[PDB]
Structure formats: structure tokens, C-alpha cells
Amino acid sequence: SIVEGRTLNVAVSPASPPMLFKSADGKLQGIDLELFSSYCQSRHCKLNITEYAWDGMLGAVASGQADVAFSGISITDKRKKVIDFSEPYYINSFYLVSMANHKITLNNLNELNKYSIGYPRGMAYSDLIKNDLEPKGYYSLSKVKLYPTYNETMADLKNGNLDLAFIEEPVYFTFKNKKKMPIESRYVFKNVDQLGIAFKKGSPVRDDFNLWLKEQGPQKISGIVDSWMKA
């Protein structure tokens, strides 16, 4: 094996519940950590985990500083040029979210330009906008408000400085159902995205992780993913 017994540099940016986040305690938790941990246990590998800001985590795996990155990372065309991904473990949707008392009715995408839209800097919402909204004049990157993390985006939503937050589905349900934030989706881009584990370009670990996913099989992997979303 060129995979077994190795120590892997792992980059994380743990502010994407339930994929990766920190308990009240301060310990890393979530779907990505449970998947990649079991993989490491099967292959007798150790993780050397560094926390970065989001840009830092993507930068580290894209330069090959990190062997692996995970925190609910979307598999995008732009990222695949510099990063290899596992098979997707979740089929993902992007919501446009307002405060529940702010009644934004969105009939179609011609209505978006009226509003400020905000989300974390370096996230895949930028690609959706650049590729699918901007060319038809529905919105432009230059109107967008960018934030360090989902927490800061949410702080501006809550105080009224941001009309709409762009939030992926599992994170939305965390905020709404588990944190009980009084927020409401106004528009859903359904199944537009896919979440995977990221690997430095060329890494055999990507191929062996995919194999491990398939050793487990789809019932076990969905089980794992749903467990954290049912929690």
C-alpha cells in the first residue's frame, strides 16, 4: 500500500454544521470527521488536523500543503482544476433565506436585484451567481455582501443589514431547527450542488477513500449522513 499507515495533513474550517463544526465543548464534530475517521481507522492512518479560515483550508489543499480538506466542501468545476474530490456524499441545495418577519416573496429570478444577498467569502454561491445569474442580469457579484463565516452572515441578517442570506440546506436546517433561529427560505435552488471530501491533486488517498466508501456501501454512508441530519 501507498496509503496504509500514513500520517495525513488535514485542513478543516469547522463552521458548516452538521458537516463539520465544534461542540459547546470545543471538540470537532460532524459528518466529515466521522467519515474520514472511519476511513483512517480502516487504513491505520493518523490525522494531523489544522483549522483554517475557509480560504485558508481551500488554499492549503489546492497548494498540496494539506493532503485532505473537509468542512462540507462543494464539488465545483473551478475547484476540481486544483483539487481532487471523493464521490459526493450529499446532494445539496442552496436556499435564499430571510428573517421570518421580513416577507420577501420571490416569484422568479428577475426579483433578486431589489435585495442584498450575503454569504461567506470563498463559498460556492459566487460560482452560481457568476455562471447562472449574472449572464441573464438577475444579479451581479458586485452587489453581494461577503462575510467570514455563516455566523457573521446570520448576525447581519438578524440585525436587518442583509435582506437575504445564501445558505446551503443542511446549514439552514441547523440554524432553523436546531438553533431555532426565526428564519425562512424564500427561494430554493434544488439539487444544484454536491458535497465531497477534498484531496490534494493526484492523491491516491482520493481513490482509496472512494474505494472505502464502496466497501461501506450506500446504505451505511447515507445512514451516517442522515444520522447527523436527524440529530
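From 1 onward, residues are counted along the sequence shown.
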| Between the two ranges 18-26 and 203-211, the one averaging a larger CA B factor in the entry | 18-26
| query | Looking only at CA atoms, which has the higher mean B factor in the entry: 44-52 or 185-193? | reply | 44-52
| task | Using the temperature factors in the entry, find which of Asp77, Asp156, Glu134, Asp84 has the highest value at its Cα atom. | result | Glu134
| With respect to C-alpha B-factor, does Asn110 fall in the lowest, middle or highest third of the chain as deposited? | highest
| Among the modelled residues of its chain, does the C-alpha B-factor of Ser116 lie in the lowest, middle or highest third? | middle
| remark: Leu146: CA temperature factor from the record, placed by chain third, in the middle
| request: Taking the chain's C-alpha temperature factors as the reference, tell me which third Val10 falls into: lowest, middle or highest. | output: middle
| request: Classify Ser140 as lowest, middle or highest third according to the C-alpha B-factor given in the PDB entry, relative to its own chain. | output: highest
